[PDB]
Each structure stands twice: as structure tokens, then as C-alpha cells.
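Proteins get letters first, then strands, A, B, ... in listed order; numbering begins at 1 in each. Side-chain atoms are counted along with the backbone in the values below, which use heavy atoms only and exclude waters and symmetry mates.
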Amino acid sequence: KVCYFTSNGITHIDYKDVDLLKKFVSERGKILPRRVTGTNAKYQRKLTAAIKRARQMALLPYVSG
Amino acid sequence: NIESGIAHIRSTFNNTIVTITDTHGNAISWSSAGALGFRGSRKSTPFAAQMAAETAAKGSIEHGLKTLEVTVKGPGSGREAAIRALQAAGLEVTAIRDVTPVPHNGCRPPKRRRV
Amino acid sequence: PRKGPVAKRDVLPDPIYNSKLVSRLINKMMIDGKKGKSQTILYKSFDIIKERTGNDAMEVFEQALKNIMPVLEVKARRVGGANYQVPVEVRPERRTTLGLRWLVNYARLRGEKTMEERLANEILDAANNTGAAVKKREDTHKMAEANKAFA
RNA sequence: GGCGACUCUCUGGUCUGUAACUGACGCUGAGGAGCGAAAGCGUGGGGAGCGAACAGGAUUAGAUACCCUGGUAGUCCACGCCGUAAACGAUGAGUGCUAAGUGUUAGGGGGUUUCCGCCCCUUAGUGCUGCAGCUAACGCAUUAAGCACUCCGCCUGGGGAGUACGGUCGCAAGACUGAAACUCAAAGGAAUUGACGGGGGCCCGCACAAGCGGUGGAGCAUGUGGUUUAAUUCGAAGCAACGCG
Ligand SMILES: [Mg+2]
Ligand SMILES: [Mg+2]
Ligand SMILES: [Mg+2]
Ligand SMILES: [Mg+2]
Ligand SMILES: [Mg+2]
Ligand SMILES: [Mg+2]
Ligand SMILES: [Mg+2]
Ligand SMILES: [Mg+2]
Ligand SMILES: [Mg+2]
Ligand SMILES: [Mg+2]
Ligand SMILES: [Mg+2]
Ligand SMILES: [Mg+2]
Ligand SMILES: [Mg+2]
């Protein structure tokens with residue numbers, strides 16, 4: 001596996017960048033593990049924050065199917 | 001006499017629901033676990049799930065029901081047998097629902113049984 | 001036994017009808033190793049079948065078996081602190097066994113004086129889809145279908 | 001001790017690198033002061049879910065339990081009190097020194113390389129394995145239970161007893177401090193061999209299951225118990241005594 005954020009050289013994850021965050025959630029809406037996505041620990045923290053901010057303002061869903 | 005309808009899969013250790021309702025959730029006939037004069041452990045068998053599902057299906061056929069949209073909500077005891085029984089008429093399971101709390105310990109569950 | 005299945009011993013077919021199926025019955029009916037008495041009863045009972053009906057006794061007898069022989073039986077099973085009579089498919093070998101046993105058992109409980117008559121009369125009752133050995137086959141099925149839940 | 005949705009406000013520490021500055025300014029620390037899970041307590045709120053007590057239903061010889069149905073305090077909030085836990089790594093703090101191997105968290109430097117990436121080195125955590133050494137053994141092993149030095153706390157057979165008395169603290173519950181008489185010849189630790197388990201695994205035997213025929217009921221024979229007798233001779237007692245010597 002390889003980290004999307006380390007490989008592409010992304011050092012900051014916007015909550016508003018929806019299309020990026022859709023790569024790291026399930027069909028149902030649940031945040032995908034590091035085992036599946038292969039992302040780094042530091043980015044997985046930054047990502048998770050971004051997901052949770054997105055869900056607050058209805059950019060991403062809590063639960064959906 | 002409505003064409004389309006719903007059923008609602010929600011399964012635990014030994015509890016499952018699948019009532020026959022309309023598109024807007026107005027009831028017509030009902031299936032959930034038993035209902036059929038079965039009692040005790042027999043009530044939670046996969047066999048008894050079939051006979052509950054058939055009996056609610058044949059109740060709804062008389063209301064001109066042709067198709068049943070069913071949900072998905074985790075695995076359990078007698079869920080697959082209940083679908084097989086409903087495929088006497090034939091239908092689909094498109095939707096996927098859930099009964100889970102978004103907190104681990106949203107409400108505090110009752111204490112573990114010492115048995 | 002623990003080791004495995006065992007070689008099931010074979011019986012010879014019989015000096016009139018040429019029937020393994022009916023030599024077995026002599027042996028079910030036999031008491032104290034008196035095979036002569038059981039042969040005599042059988043053969044006498046089959047005469048009596050042929051006179052009353054007109055058809056071949058063997059035939060009526062094999063018609064009778066079909067009605068007596070069960071297909072499903074319950075089996076006692078302790079699970080927790082309550083018994084669940086579980087339904088099981090009867091093996092082809094065991095079907096005959098339960099067939100003949102019930103025929104011979106319920107034959108002996110009839111009110112006719114002689115055994116040859118009791119056997120004959122019971123064989124005819126099974127062919128009529130009534131009697132005691134049939135009612136037994138009905139009652140085993142009722143219990144099996146009542147506990148159809150289990151598998 | 002603990003801390004897990006999100007956001008903002010205020011705020012503490014740690015790590016890395018750099019060495020411009022300070023120039024032993026350090027370590028430990030009785031008493032003291034503070035913080036301190038849960039339960040508990042006070043006042044005022046709140047109360048979905050859960051649920052001591054309590055009630056009912058079962059279960060059972062009984063069942064003031066386990067299981068079921070309810071359910072009060074409490075669990076939550078503010079402020080105050082309490083100051084204890086197997087508050088555990090059952091391992092005081094500081095410092096140095098003493099093979100390796102491999103994960104992982106947050107950094108740093110340096111390779112060929114455009115980065116990504118790979119590789120080497122390195123600091124501080126966090127794990128696993130394992131040298132020497134240590135250990136009663138189990139085990140510990142650069143996150144030492146090794147080798148050293150400093151300072152603090154604590155132990156001195158088991159009971160009696162964390163009790164009594166006194167004292168301090170506390171609204172109370174109680175906490176802390178803490179004996180003796182008397183009594184025993186053991187309490188203990190680790191490991192070993194067994195046996196056992198309503199532990200696990202694998203097997204076997206008319207052990208069960210599948211069958212067939214009995215015994216237990218009757219009369220009688222026989223042995224035994226008991227009772228009786230002048231004596232009812234002695235011996236055999238679950239299986240493995242009782243048509244046994
Ligand atoms: Mg002191
Ligand atoms: Mg509390
Ligand atoms: Mg209170
Ligand atoms: Mg309760
Ligand atoms: Mg203590
Ligand atoms: Mg702790
Ligand atoms: Mg301690
Ligand atoms: Mg200090
Ligand atoms: Mg048996
Ligand atoms: Mg007797
Ligand atoms: Mg004697
Ligand atoms: Mg003796
Ligand atoms: Mg003996």
C-alpha cells in the first residue's frame with residue numbers, strides 16, 4: 001500500500017474539499033481504516049478531522065444506505 | 001389495493017422483523033419472528049420465520065400486492081429463510097438501513113447475564 | 001458401536017413365495033428359537049388372506065407394508081432442561097424393520113383367538129388404510145410433522 | 001487519577017533542531033501544601049437509558065441469590081465535602097554505565113534521485129524477542145529485577161488487628177496515626193509429581209444408543225438382614241457380601 005497524501009505531496013486537508021474526502025468513506029458513510037486506505041497515521045488524523053467538519057455542515061453524510 | 005410495498009429486516013441474536021406495509025408505511029399484513037401459534041424456542045427457528053413471512057405475504061396478495069421492496073440491516077438468526085419464503089411471489093431487497101448508536105454506549109445497555 | 005458400521009447379516013428367501021421380505025417376518029414372529037411355529041402361522045395366515053380377498057397374499061402383504069412402513073420419525077434429544085423430539089429421515093433398511101415390528105406387535109394385541117387369524121386380519125387392515133399398525137404409522141408422522149421446526 | 005463528536009475562547013507541559021545567552025543556577029525531599037477512579041455526603045438543579053434498595057414472577061429442600069418483569073437512591077450538572085481502590089508495572093525519584101534483532105508514534109540530518117520512494121544515520125517515546133549479568137524459582141534484561149552512586153518511603157513469623165485506647169481530620173460514612181494481653185509452630189513464595197475439575201482435546205468397553213429377553217408384582221427354592229431361641233455355630237458386607245466358604 002501507499003499513502004495518497006504522502007505520495008501526492010498534500011500537507012493540508014481542507015474540510016470543504018469534498019471530492020477528496022469521498023475517497024476515504026464507505027458507501028454507508030463510515031470513515032475507512034488505515035488498513036484499507038493505506039494512508040499515514042498523521043494524515044489519518046488530519047483526514048478524520050476534515051471528515052467530521054464536513055459532516056457538521058452536510059458536505060458529507062453521517063449515514064446513507 | 002396497492003401494487004408496491006415494503007418489508008423491514010432488523011435482526012438481533014433471536015429477534016427479527018419484516019412487516020408487510022405500503023410505500024408510505026401504512027400497514028396491510030404483518031410478519032415478525034412468529035405470530036403463528038408457535039411458542040418458546042420453536043418461535044425463534046428459521047422454519048417459523050418462513051411460515052410467518054408466507055402468512056403475511058398471502059395476506060398482502062389479497063390486497064393486490066405484486067412487489068415487495070425489502071431492507072438490509074445486519075445479519076441474524078432467521079432472516080434468509082424469511083426472504084426465501086417471500087420469494088414464493090418474488091421481490092427485491094434494494095434499501096440498506098441500520099439500528100446502531102453513533103456513540104458506543106449512546107444509551108447504557110442492560111448488564112450482562114451471569115449464566 | 002464406536003469402531004464403525006457392522007456387517008448386516010442376510011436371511012435366505014423362503015420355500016414358497018421366494019421372499020427375503022417375508023423370511024424376516026418369520027424371524028420377527030419367532031419366539032424361543034421356534035422357527036417352525038412362526039413359519040406355520042405365516043403360511044396359514046397367507047392362505048387366509050388369499051381366500052378372503054382372492055388376490056395373491058404376497059401382494060396384499062406388500063401393499064400392507066407400504067401403509068405401515070414410516071418415512072419420518074422423531075428422536076429424543078436433551079437440549080438444556082427440556083426434550084425436543086427431533087424429526088429424522090428413516091433409512092430404507094429401518095423402514096422394513098419398523099414395518100414388520102409394528103405388524104407383528106399390533107397383530108399380537110388383536111382380539112382374535114389364533115395368531116394366523118390375528119396376523120392375517122392385521123395385514124388386511126393395513127391394506128385398508130386403517131387398523132393399529134397403520135394408526136401407529138399415522139401417529140409417528142403426526143409427531144414428526146408437529147416438530148418440523150427442528151433439523 | 002485520568003483524557004475520545006464538532007467549533008471557538010483561555011491555558012499547562014512535552015519532543016526535535018539550533019547553540020545566541022546564563023554559567024552547578026542541580027538531585028532528592030520527613031513534616032507541610034496541593035491533586036486524586038468509583039462509591040458516598042451537603043445544597044440546589046436535572047432525570048432518557050441504566051439501576052444498589054425494594055416489589056412481583058420463577059428457580060430451589062430453602063433461595064432474603066444467580067434468571068425474568070418492574071423499580072427508588074445513584075449514575076448527569078453547579079458549588080462544597082470525602083481522600084480511598086488489585087489508585088498495579090503488585091517494580092519510589094535522579095544520574096551514569098553495560099550485546100543484539102524487529103515493529104510502531106512525533107522529529108532531525110544525510111545519501112544517487114525531479115520528487116514520490118528507497119537506503120543509511122540519529123533523538124525522544126511506545127512494544128515484542130534476546131546476550132552478559134541477576135534471580136528461590138518464575139522470570140527481568142538500554143522502558144533492568146544488571147553494574148553503580150545520591151536522597152526518600154517501607155518490611156522484620158502467622159493470628160489477635162489495621163482491632164483497642166488516645167489524638168488529628170471529617171456533616172456523616174469514615175480516613176490517618178496505631179498497640180497489648182493472649183494464642184499457634186507454623187503462616188508463606190516458586191516449582192515438581194500425582195489426583196481431581198459441573199476445564200479443553202483425542203480414544204476405548206453391551207457404557208449408552210439400536211434391539212431382544214428378563215428382574216422389581218404372585219407362589220415356591222435358596223442365601224442374607226432383622227427378630228426369635230437353650231442354641232438358632234463361625235466366616236463373607238457398595239461395585240469387589242447376600243444359590244458366597
Ligand atoms: Mg513518614
Ligand atoms: Mg462519583
Ligand atoms: Mg448528589
Ligand atoms: Mg434486574
Ligand atoms: Mg491503600
Ligand atoms: Mg489504574
Ligand atoms: Mg501498592
Ligand atoms: Mg520531586
Ligand atoms: Mg440400553
Ligand atoms: Mg419376586
Ligand atoms: Mg450367620
Ligand atoms: Mg472379618
Ligand atoms: Mg469384597
Next item on the list: Could you check D:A181 and say if its sugar is north or south from the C1'-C2'-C3'-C4' sign?
Entry: north
Residues 27-49 of chain A, side-chain donor-acceptor partners within the protein, below 3.5 Å, at least two apart:
residue : atom : partner : partner atom : Å
A:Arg28 : NH2  : B:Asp98 : OD2          : 3.4
A:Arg34 : NH1  : A:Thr39 : O            : 2.6
A:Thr37 : OG1  : A:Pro33 : O            : 3.0
A:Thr37 : OG1  : A:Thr39 : N            : 3.4
A:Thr37 : OG1  : A:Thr39 : OG1          : 3.2
A:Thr39 : OG1  : A:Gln44 : OE1          : 2.9
A:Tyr43 : OH   : A:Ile10 : O            : 3.2
A:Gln44 : NE2  : A:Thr48 : OG1          : 3.4
A:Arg45 : NH1  : A:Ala41 : O            : 3.4
A:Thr48 : OG1  : A:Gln44 : O            : 2.6

Item checked: Residue pair D:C244 and D:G12, Watson-Crick or G-U wobble, under 3.5 Å both -> no
Check: So what does C:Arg91 touch, heavy atoms closer than 4.0 Å: a base, only the sugar-phosphate, or nothing?
Finding: nothing
Next item on the list: Would you mind classifying the nucleic acid contact of A:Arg34 as base, sugar-phosphate or nothing, using non-hydrogen atoms under 4.0 angstrom?
Entry: sugar-phosphate
Check: Using a cut-off of 4.0 Å on non-hydrogen atoms, how would the nucleic acid contact of A:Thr6 be classed: base, sugar-phosphate, or nothing?
Finding: sugar-phosphate
Notebook entry, point to check: Taking atom NZ of C:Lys75 as the centre, does the number of heavy atoms from other residues, nucleotides or ligands within less than 6.0 Å exceed 12?
Noted result: no
Notebook entry, point to check: Hey, does B:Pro103 reach any base, or is it just sugar-phosphate, or nothing, if we go heavy atoms under 4.0 Å?
Noted result: nothing
Check: With sequence neighbours excluded, what pairs up with C:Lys8 under the salt bridge (charged side-chain N to carboxylate O under 4.0 Å, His left out) test?
Finding: C:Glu93
Notebook entry, point to check: Between D:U9 and D:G46, is a Watson-Crick or G-U wobble pair present, with both distances under 3.5 Å?
Noted result: no
Checklist line | Positional range of nucleotides in RNA chain D within the contact set of chain C, heavy-atom, under 4.0 Å | finding: D:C204 to D:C212
Check: What pucker does D:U224 show by its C1'-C2'-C3'-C4' sign, north or south?
Finding: north
Checklist line | Anti versus syn assignment for D:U215, with syn defined as within 90° of 0 | finding: anti
Check: If you look at every strand shown and take non-hydrogen atoms under 4.0 Å, does C:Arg2 touch a base, only sugar-phosphate, or nothing?
Finding: base
Next item on the list: Pick base, sugar-phosphate or nothing for C:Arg101, based on heavy-atom distances below 4.0 Å to the nucleic acid.
Entry: sugar-phosphate
Notebook entry, point to check: Partners of C:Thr53 by side-chain hydrogen bond (donor to acceptor under 3.5 Å, both in side chains), sequence neighbours excluded?
Noted result: none
Check: How does the hydrophobic cluster around B:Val70 look, that is, which other residues are in it when side-chain heavy atoms under 4.5 Å mark a link?
Finding: B:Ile9, B:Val18, B:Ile20, B:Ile28, B:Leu65, B:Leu68, B:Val72, B:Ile83, B:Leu86, B:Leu91, B:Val93, B:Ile96
Next item on the list: Taking side-chain hydrogen bond (donor to acceptor under 3.5 Å, both in side chains) as the test, write out the residues that go with B:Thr67, two or more places apart.
Entry: B:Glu92
